[PDB]
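# Coordinate analysis (summary)
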Amino acid sequence: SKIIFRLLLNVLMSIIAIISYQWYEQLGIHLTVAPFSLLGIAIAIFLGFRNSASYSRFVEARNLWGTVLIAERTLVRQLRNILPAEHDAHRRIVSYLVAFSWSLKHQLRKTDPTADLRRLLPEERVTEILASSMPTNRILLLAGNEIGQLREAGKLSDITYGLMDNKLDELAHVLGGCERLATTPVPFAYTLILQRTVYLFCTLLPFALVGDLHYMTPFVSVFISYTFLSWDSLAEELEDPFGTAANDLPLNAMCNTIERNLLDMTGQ
Amino acid sequence: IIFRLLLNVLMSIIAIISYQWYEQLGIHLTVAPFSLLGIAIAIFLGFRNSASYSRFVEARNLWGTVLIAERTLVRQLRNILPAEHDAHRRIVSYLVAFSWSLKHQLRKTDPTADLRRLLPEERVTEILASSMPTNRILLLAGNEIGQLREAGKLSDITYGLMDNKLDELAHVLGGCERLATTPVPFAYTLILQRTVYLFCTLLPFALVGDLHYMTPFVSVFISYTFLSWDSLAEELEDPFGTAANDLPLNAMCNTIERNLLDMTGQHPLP
Amino acid sequence: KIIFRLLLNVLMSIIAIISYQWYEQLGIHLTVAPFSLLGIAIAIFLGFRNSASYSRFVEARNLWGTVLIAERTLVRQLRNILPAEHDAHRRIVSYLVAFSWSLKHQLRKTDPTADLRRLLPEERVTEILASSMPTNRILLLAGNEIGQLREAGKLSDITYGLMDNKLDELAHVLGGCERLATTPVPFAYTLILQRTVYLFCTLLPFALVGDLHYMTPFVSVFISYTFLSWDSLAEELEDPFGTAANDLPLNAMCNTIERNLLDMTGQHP
Amino acid sequence: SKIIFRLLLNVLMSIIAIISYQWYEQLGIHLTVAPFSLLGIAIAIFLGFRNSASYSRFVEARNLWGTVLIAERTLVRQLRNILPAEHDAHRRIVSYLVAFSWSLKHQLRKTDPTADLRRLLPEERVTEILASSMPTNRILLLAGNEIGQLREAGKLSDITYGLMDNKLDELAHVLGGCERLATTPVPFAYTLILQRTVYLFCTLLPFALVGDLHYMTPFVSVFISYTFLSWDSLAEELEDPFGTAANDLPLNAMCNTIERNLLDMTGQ
Amino acid sequence: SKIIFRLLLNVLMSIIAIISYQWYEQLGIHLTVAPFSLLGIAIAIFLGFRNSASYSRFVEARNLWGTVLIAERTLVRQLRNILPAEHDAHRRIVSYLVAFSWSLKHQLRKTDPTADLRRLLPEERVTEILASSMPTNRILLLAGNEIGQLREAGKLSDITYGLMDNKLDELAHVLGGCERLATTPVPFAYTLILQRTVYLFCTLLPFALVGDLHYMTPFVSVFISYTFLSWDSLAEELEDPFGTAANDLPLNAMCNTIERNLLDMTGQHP
Ligand SMILES: [Zn+2]
Ligand SMILES: [Zn+2]
Ligand SMILES: [Zn+2]
Ligand SMILES: [Zn+2]
Ligand SMILES: [Zn+2]
Ligand SMILES: [Zn+2]
Ligand SMILES: [Zn+2]
Ligand SMILES: [Zn+2]
Ligand SMILES: [Zn+2]
Ligand SMILES: [Zn+2]
Ligand SMILES: [Zn+2]
Ligand SMILES: [Zn+2]
Ligand SMILES: [Zn+2]
Ligand SMILES: [Zn+2]
Ligand SMILES: [Zn+2]
């Protein structure tokens, strides 16, 4: 937590306020608590709404990934319930569904999905997927072809084909949703306004408290600053849900969970 | 929580007797800065509790869907296949097993007794062998529906109508699992929890100059309001958690089971 | 009975006025600043709570709105798809009407026996009353009517499905209402707020008297009224199926539903 | 806006407060700002949440009408894509769909729909619709009859019938949604509490401000009153989305847009 | 952001307050901080709710546009999966889908869609689209005709037609959603009340602060002014998500992405 640096900086500003409080009158500068209460409350209100937006975004990201697991579970269930004897098809479709999850992760992380794809799919399909400017989307197309062939071969009717196609649609909404969350952030002018106001507020605060608090200034000023900064920093942690950091989504573990689930449901 | 109130009373008594030595050291605590701090904390508690409440509401909605989806699936089975009571009973057993297994999964308790009560031991072994027992129960229910389809008893259309309900259930399973792995905040909530505590303990020292002897009464009142609101959010954030009220989840599982034995002629007594 | 607490608050103000003399001689001082902090905090919490209570009221109203919608369309489908099956129209409508009234009784915790006998043959009434969820049984019975039309070949699996969907929709309503009936907002929210607001309002004049003196009861009652009004409104909204003023006129709503369904089946009241 | 009357009344209350401030001590009345800050902030908080609720219902009303345009567009699109040669059926259904919109408009406005109906439908149908206690619902039923007849004639299969039947369902949800918004208001106790509280607050305020502000009382008091009154009055205007008031939904314009759209998609 | 003018103007009001504070008594003017704390906090609350509503519009607008990409992707996927050999139909339908996006953008931006339409479609079709008072809707209708013809030719069954028909409706919901956001703005009385109120508050503020702050008045007044003014103007920008401002939707980039996706590899699919 690099929050400690500005807390330390805040302690230093408090010490300056205490020793420089002498020259306050000799300059004509006074700072009371009342105007900073107004400012502080206004900032708290705006921080509240902002964090709310950051929170909703983090939650949606969690929701989208939850849907991958749900839709892939049911698609495999449908394949077993409707075509219990078609395990060759079971394995092929499962490999694509598993590939989709990993490919989505790599896409959001901007990493190379090549190794994971080669572990799951024949090289012909991997080349075919990587040739696309939108590889994760290309993967859905391939899963659709597998289902499409079962339809053409008469193993799936249009009805049962439709039941499985619906699940691919659910995955498509996940892909677009994540892509939307990745390119659209909470707008950058929310963060600038708040960062500029919060930092300036905390550093000016001890100068406004010193008249009332004297020697207790650094303790109370640090308490108030810590409160605003903790709340402000919470938004920063929630804003990067697809990242690698510790408070980011465990996408690797999630992908492993998805793969473990699908191989549990096909006897592998 | 009552303990932190008593601790707050002691801090007030300390504040009263130690207020004497304040000047000869130069330490001052006025109400205005703690008014600022208090209102900000209240605002954050408001928004935090709002998020917690949202999580609680979703958890109940998800569980309501279990009750709804299972009711209609059984209704469809009777309306579409009124004579297939062997199939009725087996599927009902899986749906009931699903609810209890879901409850046990979210509560991290042993589902063995409920499973052995409802299903033949062969399936219980199969379900317990899986790392995802609740999902396996859905898979087994799906097989029952799938077999009726191959026997020609269900068409693809009527199969699809029932298949949708298994989908209404899978979404619930994933939804609860997401709510279970949660919280969202990375235990930054702990900070927030502590912030309220430090505020309540520092409060009497800031009030004593104005309130004097009346300090412990007003200080404990304010503390009670903040601590209560904080603990309420804590309870709402974790609807499936370690220290939670299980009367609803248990009543719901009982309600679901009572309904399905109600819609399959197993109730009342002949 | 909020008027009682307003009158009681006036009395507490008078106590504050007459006892302000002995304030110094006891060692008690009460300033406004700490009570502004406490008061604003409570207002914030009342604000969020009241918002939640309203949402719950709106949802309950929505669910009942869906009953009217789904039942209208089910009857519409029956006439459009099976225009000659008027016996089936009548039986299904009677079940749909029974469903609404039964839902009302379930939410009001009252006896549906009289309404059921007015609408259905006694054999069906007994079957429905025997169930732990009579509304669910009514949906099941309505489902049998559609199911029997399907077995007779009058409905295909597709057209059966279109109607089965409306029964899905009613079930989703039943569960929603049930969820709202069994869930209150958590009690710890009403307990915190009701005790806290009351205690705050009665302690307030003791804190105001030093500034306001004789003007204490007027300002104290105004502030108390604002907080109490907002608090009591939330509790009424929290119980949308209850008897209190701003609750759902469920009886009128069921009458509306029944008149609608008899309008679309050529019957007159 | 009759708020200007209450602002002037507030200026009147301030001048009274100024001239009567003399007799304050001689009566035993003291009024400080602090208790009114508490009350004022509380009122603002409740006004904030209330206005939020009013805005949301206005938004729902607009959404419901948006759905009318969407569902009717696609129903007409479907009729054409599925039955391009059945123009007799096209016109009849379009007239019903247009009548539905106008009938809904008149219903929410509590006005007479007769001319709009007679302009769109043969008198034979109009009397039947007007004879019902629920004319808009009867129009959906009649639109349903047209689709049902196309099915019985074998022009629509059960599947394609179902595709259009779904659109009638969307319209049914709109009708119910609108009716609910019309009969259920934001509860009258939100208006009752807030108007009494806001008005009494604004009139009592100068008496509490005069001790501190004196001659500057009317300016600061009217500003505060204007802020609260404007925000309160905004909520009332939003609470009645189907009304005649300028900031209400342009339902007449919306119905014209719908009619123009459907006749645009039928070569009319 | 023209706030920089009003901030400098606020510095001007502060210097006036400082030099005239002596003459307060000689005029009969008294101004304390307390009433302006009340007024300021009320304004902050209302700004909070307003900005929240504005963001809500921004989020929905972004969602509607996201759906365009999703629905159009799956429609093409379905065409490839169900009719893998009908590439002539693929190309015609894709162009309509691409035309739909650009036409929607121009409609919301009130610009001329002629150039984009001629780039994607034959002139005969362009005139038909331009002849309609609602070109975006006409494009969906034409895309619908393509699907409808494949059905009449026996290439699509009623079932598979329906699967694709559903996606066109999804696009219709986007079109209606955007039009609602475009034709209905937030009520004009939100901008009127708040802009006047915030500005008047910020300029009057230093006159009330000078008694406490003296020489520090311009610094604190501009700080408070920046906070209120920034939040207000951002709200203004987000309320018009289809506008040209910098915190608005990059509609041009979005349409390019949609076109690139559907025309990913000269329309080549496996
Ligand atoms: Zn799903
Ligand atoms: Zn297999
Ligand atoms: Zn990160
Ligand atoms: Zn049975
Ligand atoms: Zn029973
Ligand atoms: Zn419906
Ligand atoms: Zn009939
Ligand atoms: Zn359902
Ligand atoms: Zn639609
Ligand atoms: Zn035509
Ligand atoms: Zn003709
Ligand atoms: Zn008339
Ligand atoms: Zn979609
Ligand atoms: Zn192609
Ligand atoms: Zn000065």
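Residues numbered from 1 in each chain as written, not as in the entry; some residues may be left out. Chains lettered and ligands numbered in written order. Heavy atoms only, no water. Residues with missing side-chain atoms left out of burial classes, pairs and counts.

In its metadata, the entry names X-ray crystallography as the structure determination method and reports 2.900 Å as the resolution.

### Focus: the arrangement of the chains
Defined as follows: Contacts: residue pairs with any heavy atoms within 4.5 Å of one another.
Comparison of the five pairs of chains in contact shows the highest number of contacts for chains A and E. In this assembly chain A lies apart from chain C, the nearest approach of their C-alpha atoms being 11 Å. With no contact formed, the shortest span from any C-alpha in chain A to any C-alpha in chain D equals 11 Å.

### Let's talk about a nonpolar patch on the surface
Keep this limit in mind: Like-charged residues within 9 Å of one another, or nonpolar side chains (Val, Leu, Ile, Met, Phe, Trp, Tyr) within 5 Å, are grouped into patches, provided each residue has over 30% relative accessible area and no salt bridge. Values of accessible area rely on a 1.4 Å probe in the Shrake-Rupley scheme; residue burial ignores everything except the protein chains shown. Each salt bridge in this description consists of a side-chain nitrogen of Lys or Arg and a carboxyl oxygen of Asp or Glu lying within 4 Å of one another. A simple rule labels every residue: compare its accessible area, found with a 1.4 Å probe on the protein chains alone, to the largest value its type can have, and call it buried under 20%, exposed over 50%, or partly exposed in between.
Together, B:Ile1, B:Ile2, B:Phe3, B:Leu6, B:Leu7, B:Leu10, B:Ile13 and B:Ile17 make up an exposed nonpolar region whose accessible area comes to about 830 Å². Take B:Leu7: its relative accessible area is 34%, and that puts it in the partly exposed class.

### Let's talk about the packing of aromatic side chains
What counts, and what does not: Aromatic rings from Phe, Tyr and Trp, with only the six-membered ring used for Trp, were paired whenever their centres fell within 6.5 Å, and each pair was classed as stacked if the ring planes differed by under 30 degrees, edge-to-face if by over 60, and tilted otherwise. Helix and strand labels come from DSSP, where a helix needs a run of H or I of at least four residues and a strand needs a run of E of at least two; each type is numbered from the N terminus. Cation placement over rings: the criterion is NZ of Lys or CZ of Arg within 6 Å of the ring centroid and within 35° of the ring normal.
Under the defined criterion, the tally for this structure stands at 36 aromatic pairs over all chains. Between A:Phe46 and E:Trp231, the ring centres sit 4.3 Å apart and the planes meet at 15°, which makes this aromatic pair stacked. Of the two residues, A:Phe46 sits in helix 2 (residues 33-82) while E:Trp231 sits in helix 9 (residues 217-238), which places them in two different chains. For the pair A:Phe46 and E:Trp231, a shared accessibility class is recorded, and that class is buried. With a centroid separation of 5.8 Å and 45° between ring planes, the pair formed by B:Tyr19 and B:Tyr22 is classed as tilted. By relative accessible area, which is 38% here, B:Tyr19 ends up partly exposed. One aromatic cluster is present, built from ring pairs that chain together C:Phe35, C:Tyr54, C:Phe200, C:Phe227, C:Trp230, D:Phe46 and D:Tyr190. Above the ring of C:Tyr198, the side-chain terminus of C:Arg5 is found at 3.7 Å from the ring centroid.

### Remarks on the coordination of the zinc ion (ligand 9)
Stated precisely, the cut-off is as follows: Water is not among the atoms examined, so metal sites may look incomplete; donors are the N, O and S atoms within 2.8 Å of the metal, or within 3.2 Å for Na, K and Ca. Note on geometry labels: four donors, all angles 85 to 135 degrees, give tetrahedral; four donors become square planar and six octahedral when opposite donors are over 155 degrees apart and every other angle is between 65 and 115; remaining cases are irregular.
Looking at the metal site, the zinc ion (ligand 9) is ligated by D:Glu170 (OE), D:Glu170 (OE), E:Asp169 (OD) and E:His173 (NE2), spaced 2.1 to 2.8 Å from it. In this structure, the zinc ion (ligand 9) is coordinated by four donor atoms arranged in irregular fashion, with angles at the metal of 62 to 133°. Taken together, the positions of D:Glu170 in helix 7 (residues 158-183) and E:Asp169 in helix 7 (residues 158-183) put the pair across two chains. Classification of E:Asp169 as buried rests on a relative accessible area of 7%.

### Section: the coordination of the zinc ion (ligand 8)
Under perfect tetrahedral coordination by four donors, a metal shows angles of 109.5 degrees; under perfect octahedral coordination by six donors, it shows angles of 90 or 180 degrees. Of the protein atoms, only B:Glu168 (OE), B:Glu168 (OE), C:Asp168 (OD) and C:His172 (NE2) coordinate the zinc ion (ligand 8), at distances of 1.9 to 2.2 Å. Here the zinc ion (ligand 8) is ringed by four donor atoms whose angles at the metal span 61 to 146°, and the overall shape comes out irregular. With B:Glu168 in helix 7 (residues 156-181) and C:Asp168 in helix 7 (residues 157-182), this residue pair bridges two chains. A residue is classified by how much of its surface remains accessible, and B:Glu168, at 21% relative accessible area, is partly exposed. Taking relative accessible area as the criterion, C:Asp168 reaches 10% and is therefore assigned buried.

### Notes on the layout of surface pockets
Counted only if it meets this: As defined here, a cavity is a set of points on a 1 Å grid over the protein atoms alone where a 1.4 Å probe fits but cannot get out. A pocket is an open set with protein on both sides within 12 Å along at least five of seven lines, and residues line them when an atom is within 4 Å of a point. Grid points are joined across faces, edges and corners, and a volume is the space filled by probe spheres set on the points. Here the term charged refers only to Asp, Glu, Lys and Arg, the term nonpolar to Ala, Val, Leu, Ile, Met, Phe, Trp, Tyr, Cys and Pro, and the term polar to all other amino acids, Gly among them.
For the second largest pocket, the calculated volume is near 1,400 Å³. In this structure, the second largest pocket is lined by 37 residues; those nearest its centre are A:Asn166, B:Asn164, C:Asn165, D:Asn166 and E:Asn166. Of all the elements in the fold, those that place two or more residues in the lining of the second largest pocket are helix 2 and helix 7 (158-183) of chain A, helix 7 of chain B, helix 7 of chain C, helix 7 of chain D together with helix 7 of chain E. When the residues that make up the lining of the second largest pocket are grouped by side-chain class, the tally is twelve nonpolar, 14 polar and eleven charged.

### A look at the interface of chain E and chain A
Taken residue by residue, the interface counts 58 residues in chain E and 61 residues in chain A. Elements represented by at least two residues in the side of chain E that touches chain A include exactly helix 2 (33-82), helix 7, helix 8 (188-213), helix 9 and helix 10 (251-262) of chain E. For the side of chain E that touches chain A, the per-class residue count stands at 31 nonpolar, 18 polar and nine charged.

### Regarding the pattern of salt bridges
Between side chains of opposite charge, a pair can form as their charged atoms come close. By the definition in use, this model includes 78 salt bridges over all chains. With a closest N to O distance of 3.1 Å, A:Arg77 and B:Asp167 form a salt bridge. Highlighted residues: A:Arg77 in helix 2 and B:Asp167 in helix 7, drawn from two different chains. B:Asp167 matches A:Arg77 in its accessibility class, with the two residues each being buried. Of the charged contacts in the structure, one is a salt bridge between E:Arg138 and E:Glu128, with a shortest N-O distance of 3.1 Å. Of this pair, E:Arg138 sits in helix 6 (residues 135-152) while E:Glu128 sits in helix 5 (residues 123-131), and the two are ten residues apart along the sequence.

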